[PDB]
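The structure appears right after this line, and notes come after that.
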Amino acid sequence: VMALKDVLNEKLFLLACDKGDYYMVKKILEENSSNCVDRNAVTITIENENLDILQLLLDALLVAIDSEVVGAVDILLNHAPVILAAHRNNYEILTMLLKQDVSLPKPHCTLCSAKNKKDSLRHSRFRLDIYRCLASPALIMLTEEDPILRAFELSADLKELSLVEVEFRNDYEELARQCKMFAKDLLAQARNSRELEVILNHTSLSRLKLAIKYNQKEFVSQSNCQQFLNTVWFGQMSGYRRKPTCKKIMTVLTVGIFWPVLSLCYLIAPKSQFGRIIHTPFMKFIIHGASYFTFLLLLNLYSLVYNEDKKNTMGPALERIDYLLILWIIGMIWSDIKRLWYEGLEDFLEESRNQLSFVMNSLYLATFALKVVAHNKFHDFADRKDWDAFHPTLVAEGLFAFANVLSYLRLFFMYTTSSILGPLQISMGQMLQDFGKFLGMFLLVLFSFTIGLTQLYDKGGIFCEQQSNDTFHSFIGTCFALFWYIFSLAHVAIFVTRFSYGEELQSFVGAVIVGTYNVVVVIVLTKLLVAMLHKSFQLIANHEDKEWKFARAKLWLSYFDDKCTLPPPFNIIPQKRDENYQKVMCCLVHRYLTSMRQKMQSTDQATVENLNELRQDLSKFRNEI
Amino acid sequence: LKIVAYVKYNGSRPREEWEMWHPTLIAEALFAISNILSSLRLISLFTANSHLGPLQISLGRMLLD
Amino acid sequence: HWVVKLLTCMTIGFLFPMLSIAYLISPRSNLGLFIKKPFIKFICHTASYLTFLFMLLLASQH
Amino acid sequence: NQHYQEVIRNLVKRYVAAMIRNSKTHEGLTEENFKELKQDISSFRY
Amino acid sequence: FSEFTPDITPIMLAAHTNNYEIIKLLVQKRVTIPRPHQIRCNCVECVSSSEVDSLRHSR
Amino acid sequence: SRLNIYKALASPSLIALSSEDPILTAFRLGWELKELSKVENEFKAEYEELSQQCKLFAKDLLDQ
Ligand SMILES: CCCCCCCC/C=C/CCCCCCCC(=O)OC[C@H](CO)OC(=O)CCCCCCCCCCCCCCC
Ligand SMILES: CC(C)CCC[C@@H](C)[C@H]1CC[C@H]2[C@@H]3CC=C4C[C@@H](OC(=O)CCC(=O)O)CC[C@]4(C)[C@H]3CC[C@]12C
Ligand SMILES: [Zn+2]
Numbered sequence: 031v032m033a034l035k036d037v046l047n048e049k050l051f052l053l054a055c056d057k058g059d060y061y062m063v064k065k066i067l068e069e070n071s072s078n079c080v081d085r086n087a088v089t090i091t092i093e094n095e096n097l098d099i100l101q102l103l104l105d113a114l115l116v117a118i119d120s121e122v123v124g125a126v127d128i129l130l131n132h161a162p163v164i165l166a167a168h169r170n171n172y173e174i175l176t177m178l179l180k181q182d183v184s185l186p187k188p189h195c196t197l198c199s200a201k202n203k204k205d206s207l208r209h210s211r212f213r214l215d216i217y218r219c220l221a222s223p224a225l226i227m228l229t230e231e232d233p234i235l236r237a238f239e240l241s242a243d244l245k246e247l248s249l250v251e252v253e254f255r256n257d258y259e260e261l262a263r264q265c266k267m268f269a270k271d272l273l274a275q276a277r278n279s280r281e282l283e284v285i286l287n288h289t290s307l308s309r310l311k312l313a314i315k316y317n318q319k320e321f322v323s324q325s326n327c328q329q330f331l332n333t334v335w336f337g338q339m340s341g342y343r344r345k346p347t348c349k350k351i352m353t354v355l356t357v358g359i360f361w362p363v364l365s366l367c368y369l370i371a372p373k374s375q376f377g378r379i380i381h382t383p384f385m386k387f388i389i390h391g392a393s394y395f396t397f398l399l400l401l402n403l404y405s406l407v408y409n410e411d412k413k414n415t416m417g418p419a420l421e422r423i424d425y426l427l428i429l430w431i432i433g434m435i436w437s438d439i440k441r442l443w444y445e446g447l448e449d450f451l452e453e454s455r456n457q458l459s460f461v462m463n464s465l466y467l468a469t470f471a472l473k474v475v476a477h478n479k480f481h482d483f484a485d486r487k488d489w490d491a492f493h494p495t496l497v498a499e500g501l502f503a504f505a506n507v508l509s510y511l512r513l514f515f516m517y518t519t520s521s522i523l524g525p526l527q528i529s530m531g532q533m534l535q536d537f538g539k540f541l542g543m544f545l546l547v548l549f550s551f552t553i554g555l556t557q558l559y560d561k562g573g574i575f576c577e578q579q580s581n582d583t584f585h586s587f588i589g590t591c592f593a594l595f596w597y598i599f600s601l602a603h604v605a606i607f608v609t610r611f612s613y614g615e616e617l618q619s620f621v622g623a624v625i626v627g628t629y630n631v632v633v634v635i636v637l638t639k640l641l642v643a644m645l646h647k648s649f650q651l652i653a654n655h656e657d658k659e660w661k662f663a664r665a666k667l668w669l670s671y672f673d674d675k676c677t678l679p680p681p682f683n684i685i686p725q726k727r728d729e730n731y732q733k734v735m736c737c738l739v740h741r742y743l744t745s746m747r748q749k750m751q752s753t754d755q756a757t758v759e760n761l762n763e764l765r766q767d768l769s770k771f772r773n774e775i
Numbered sequence: 452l453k454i455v456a457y458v459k460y461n462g463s464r465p466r467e468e469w470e471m472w473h474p475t476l477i478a479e480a481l482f483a484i485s486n487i488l489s490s491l492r493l494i495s496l497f498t499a500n501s502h503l504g505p506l507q508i509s510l511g512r513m514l515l516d
Numbered sequence: 326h327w328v329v330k331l332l333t334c335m336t337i338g339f340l341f342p343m344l345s346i347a348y349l350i351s352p353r354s355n356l357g358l359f360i361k362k363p364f365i366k367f368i369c370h371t372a373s374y375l376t377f378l379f380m381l382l383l384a385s386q387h
Numbered sequence: 710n711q712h713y714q715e716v717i718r719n720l721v722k723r724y725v726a727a728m729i730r731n732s733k734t735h736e737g738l739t740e741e742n743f744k745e746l747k748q749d750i751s752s753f754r755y
Numbered sequence: 136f137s138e139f140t141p142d143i144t145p146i147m148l149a150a151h152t153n154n155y156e157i158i159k160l161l162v163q164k165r166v167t168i169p170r171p172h173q174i175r176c177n178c179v180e181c182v183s184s185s186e187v188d189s190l191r192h193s194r
Numbered sequence: 195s196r197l198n199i200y201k202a203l204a205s206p207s208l209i210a211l212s213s214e215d216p217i218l219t220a221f222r223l224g225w226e227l228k229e230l231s232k233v234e235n236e237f238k239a240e241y242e243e244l245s246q247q248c249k250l251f252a253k254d255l256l257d258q
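Note that the protein sequences, when read in sequence, are chains A, B, C, D, E and F. Residue numbers for the first sequence, in UniProt numbering: 31 to 37, 46 to 72, 78 to 81, 85 to 105, 113 to 132, 161 to 189, 195 to 290, 307 to 562, 573 to 686, 725 to 775. Residue numbers for the second sequence, in UniProt numbering: 452 to 516. Residue numbers for the third sequence, in UniProt numbering: 326 to 387. Residue numbers for the fourth sequence, in UniProt numbering: 710 to 755. Residue numbers for the fifth sequence, in UniProt numbering: 136 to 194. Residue numbers for the sixth sequence, in UniProt numbering: 195 to 258.
Following this line, the structure appears as structure tokens:
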């Protein structure tokens, strides 16, 4: 058994101040005329909103703000605190407290390093306390001139701090999310298109481009922002949306088919009726799309018009079709430097479509550089079967075929425009990150079994009709054989594991090693991969609409600039507004305050409760007098 | 097994004539299996990585079923 | 950036034998104290195991 | 041991304070205490 | 600062609130609600309103 | 009766009030309650809940 153990006027004064006692506290003050802890004997009265009793005692501050009692704070102020007030995120006390001049030190030196040596837990906590005060929606509205821009910059600031402060990761990304949701709610108060155009065109579509740079996905997906995008995207052809589905397709096909004419008309008469057609973004996207579709058609026709007598030619000359492809490739390349030069390396390299253009453009230059050199060096007439394995003509055709795969794979970005295949394509893009983690673990398993298998057989391939044991006689051959076992489609037979001359025991051991590899990879690693794709997809499915809309708006904005207007073959050929912004800002800010109050003040319990409090004050006064 | 095989035999013989339970063959098979097992020990170092380590722990937790 | 971390890790791993002999000869020396850091010690152990595996690769090539 | 006890004395003090306020997400009983104040005023009366 | 959009009428707000008693009170006065055009209407007024101010038209 | 006694012993207030060091007591009590669920098969849920309560109390005490 274990025995549990805990390891007069002041009491009359404390009990009196607890429960609505004013006159006989005045009596206790009279008795004392002739700091107790259960506390200054005043904090209890502060939390009870007994201002009359409080005023009598006055004739703590941080506790009053923690209780959000405006009356107590006002009396205490009449008879850092700002940082704690901003934590509570409310307007009345924040306005009153800031009326007196108040400063707040900015966060990061050599001096700060000295403090971190003495106490690092305290140093980290203070920095997070300041940033939580700065990210208060009430404080930004009352202190900042451009609340929308302030929320954009702070949100990007707080996201970076989460990466460095790994242990404070959760707290910081909660503050960044709060900043993003504030700027989106400010935009939702716009009422007409005049206010919408003022907000989204201000410069410190600069605001619209700034949101894309700062990854404001919630801001972009708002209905006001989406409606504004549609008008600019379609431009003067707003009647396109009124046309039926059968009439829409005939308009797109007609514009695409006559793309060479429209691109030529803008070249000679830019100001004509047909010249200005390209200027609207939607038709520019179609013209650029139809230009690329003809480039892929030329590649398909390259083999069809290939003369059979050139298959045995070692130094074939460039055909007319070859000159056409050279013109397109220079056109595609020329547009690439322009985009990179106007934006920068990091912005340009970030998009996957741009990366696929880098590799395929170098491969197209290599095959044509090799083709010209081969025609000038090796022109002999000999059959194909007698050439060297690494002849320049054979190397040129290997690079050309590889670049054709990357040309057709660039069409993935065109699925983003569609509202049916758009969300699905974005969902598949985000699940590719989970595949990379499985590659690291599987790559070590494949390397482990390759070591043992080549040790057992080399002392004593799969691409022949009769597969033999010779696939295990090299490191490269062993890796290829194990690679084709992953599918479970019986690409490689078991007879391969058997030694050619005998080695009865060593043949059985090699078969057991391969059988263990199959169970580990095909039955264990594959099922584990499916388990996470089931888990990750459910989380992704939640934000499917918000992610797709951000990707579509990013793609549309690239066609708003007039820097690149001509298609690739044709491209190679040679205080007044700040005052208006402030007027809209004050309207949006004041609407937000009014709207937000109804969001949380709906039950009205503190109205009837306040009436009951007045009733109790009157009742206590009655008997007391 | 290598020492036993070295002590027992002094002459040379073609491989195709040896019995299946010759000590040398068992030694080579055990060496190959030991190589395979030794290469797999690197999985225990995945715990130090923020990306690979959670996947390694989750895989270990699901092996009971 | 992670490339600098990778370069530092590879540089420390390549020098593990010298650090081991330095610790063996004189722990009082600064080089001997250098290996006592847990992170450098982990890097040295990983480098030694990787060297063992690489030399296992050589035997398989015969 | 003396230093460990001092830190434990303060950690327990903040813990009992913390979860009471975290339990105030459900504390709307202030009005019922207000009635206790009316009862105390009646007791002072008689 | 006006809390409601200028196109809001008392009957429209009452219908938005879905209060049976207030709607019964107002409808006794014989109020009316403007009728909407077709989803694909292409007339002078619709086009003029959409080009002049599309957000207000949609709202 | 055993279940009632062990629920009484695993209250954070009692440990905070009548233990020399609540952290070590919480550790030992949580481990002991965890071992008990494997013996009392019928009442395993309650014992796991009590052990989780002890662990949460220890973590929350550390959090201050
Ligand atoms: C990254 C790490 C992931 C987890 C790794 C461990 C996973 C758990 C399993 C380990 C695999 C153990 C080895 C199993 C295969 C042995 C080789 C083998 O049989 O080769 C044939 C060899 C050669 O013909 O034959 C034998 O070994 C003779 C005995 C065969 C008896 C039949 C099979 C026994 C049951 C095996 C079940 C495997 C799972 C099937 C699920 C549908
Ligand atoms: C398939 C063939 C090429 C062999 C593959 C070997 C890998 C399975 C092993 C070998 C060395 C290992 C690495 C050795 C040391 C580290 C550093 C370790 O982090 C640290 O200690 C430093 C801090 C950091 O960089 O995060 C994280 C795991 C990692 C990358 C290991 C990850 C798994 C690696 C790459
Ligand atoms: Zn109409």
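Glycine is no exception: its CB is placed at the ideal position from the N, C-alpha and C atoms.
Exercise. Contact between the region 625-633 of chain A and the region 544-559 of chain A: three or more CB pairs below 8 angstroms?
Worked result: yes
Exercise. Is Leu-375 of chain C near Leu-356 of chain C, with beta carbons less than 8 angstroms apart?
Worked result: no
For this session: Would you verify that the beta carbon of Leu-546 of chain A is, or is not, closer than 8 angstroms to some beta carbon of chain B?
Result: yes
Problem set entry | Buried/exposed call for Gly-511 of chain B, threshold 16 Cβ in 10 Å | exposed
Problem set entry | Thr-415 of chain A in three-state terms, based on DSSP | strand
Exercise. Which residue or residues does DSSP assign as beta-bridge partners of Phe-483 of chain A?
Worked result: A:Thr-415
For this session: Determine, using beta carbons only, whether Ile-118 of chain A and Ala-166 of chain A come nearer to each other than 8 angstroms.
Result: yes
For this session: Flag residue 199 of chain E as yes when its Cβ comes closer than 7 angstroms to any non-hydrogen atom of ligand 3, and as no otherwise.
Result: Past the boundaries of the shown model lies residue 199 of chain E; chain E is included only from 136 to 194, so the question cannot be answered.
For this session: Find the residues of chain A that neighbour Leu-746 of chain D, judging by a C-beta separation of less than 7 angstroms, and give them in chain order.
Result: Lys-57, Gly-58, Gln-766, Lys-770
For this session: Taking C-beta pairs closer than 8 angstroms, name the residues in chain D that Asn-47 of chain A reaches, listed in chain order.
Result: Those within 8 angstroms of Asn-47 of chain A in chain D number zero; the least Cβ separation is about 18 angstroms.
For this session: Compare the Cα-Cα distances from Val-163 of chain A to each of A:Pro-346, A:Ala-125, A:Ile-174, A:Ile-128 and report the closest residue.
Result: A:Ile-174
Problem set entry | Segment limits, alpha helix (DSSP H) that includes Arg-422 of chain A | 422-445
Problem set entry | Proximity of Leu-548 of chain A and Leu-523 of chain A at Cβ, strictly below 8 angstroms | no
For this session: Check whether the Cβ atoms of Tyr-217 of chain A and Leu-261 of chain A sit closer than 8 angstroms, and answer yes or no.
Result: yes
For this session: Under 8 angstroms by Cβ, that's how I've got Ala-392 of chain A and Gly-337 of chain A pegged, so tell me the actual separation to the nearest angstrom.
Result: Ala-392 of chain A to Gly-337 of chain A, Cβ: 19 angstroms. No contact.
Problem set entry | Close-in-space but distant-in-sequence residues of the same chain around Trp-668 of chain A (CB under 6 angstroms, 5 per side omitted) | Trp-335
Problem set entry | Partners in chain A for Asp-188 of chain E, counting only beta-carbon separations shorter than 9 angstroms | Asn-278, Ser-279, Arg-280
Exercise. Taking just the CA atoms, how far does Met-352 of chain A sit from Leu-678 of chain A?
Worked result: 23 angstroms
Exercise. Under three-state DSSP, which class holds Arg-353 of chain C?
Worked result: coil
For this session: Examine ligand 1 and report whether any of its heavy atoms sits within less than 7 angstroms of the Cβ of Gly-627 of chain A.
Result: yes
For this session: Could you tell me which of B:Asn-486, B:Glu-468, B:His-502, B:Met-513 sits nearest to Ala-384 of chain C, measuring between CA atoms?
Result: B:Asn-486
Problem set entry | For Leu-240 of chain A, three-class secondary structure by DSSP | helix
Exercise. Beta carbon of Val-354 of chain A: closer than 7 angstroms to some heavy atom of ligand 4?
Worked result: Although ligand 4 was asked about, the structure shown includes only ligand 1, ligand 2 and ligand 3 as ligands.
Exercise. Is there at least one non-hydrogen atom of ligand 2 closer than 7 angstroms to the beta-carbon of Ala-499 of chain B?
Worked result: yes
Problem set entry | Simplified DSSP assignment, three categories, for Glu-231 of chain A | coil
Problem set entry | Reference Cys-265 of chain A; option with closest CA among A:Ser-290, A:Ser-222, A:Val-734 | A:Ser-222
Problem set entry | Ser-495 of chain B, buried or exposed, once every other Cβ within 10 Å from all chains shown has been counted against 16 | exposed
Exercise. Would the C-beta of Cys-176 of chain E count as close to ligand 3, meaning under 7 angstroms from any of its heavy atoms?
Worked result: yes
Exercise. Less than 7 angstroms between the CB of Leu-491 of chain B and some heavy atom of ligand 2, yes or no?
Worked result: no
For this session: Counting only runs of 4+ residues fully inside the region 581-667 of chain A, write out the alpha helix (DSSP H) ranges in chain order.
Result: 587-595, 616-630, 638-654
For this session: Classify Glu-479 of chain B as buried or exposed, calling it buried when 16 or more other Cβ atoms lie within 10 Å of its own Cβ.
Result: buried
Problem set entry | Short Cβ contact (8 angstroms threshold) for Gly-124 of chain A with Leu-746 of chain D | no
Problem set entry | Of the residues A:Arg-169, A:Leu-103, A:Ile-432, the one placed nearest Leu-129 of chain A, counting alpha carbons only | A:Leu-103
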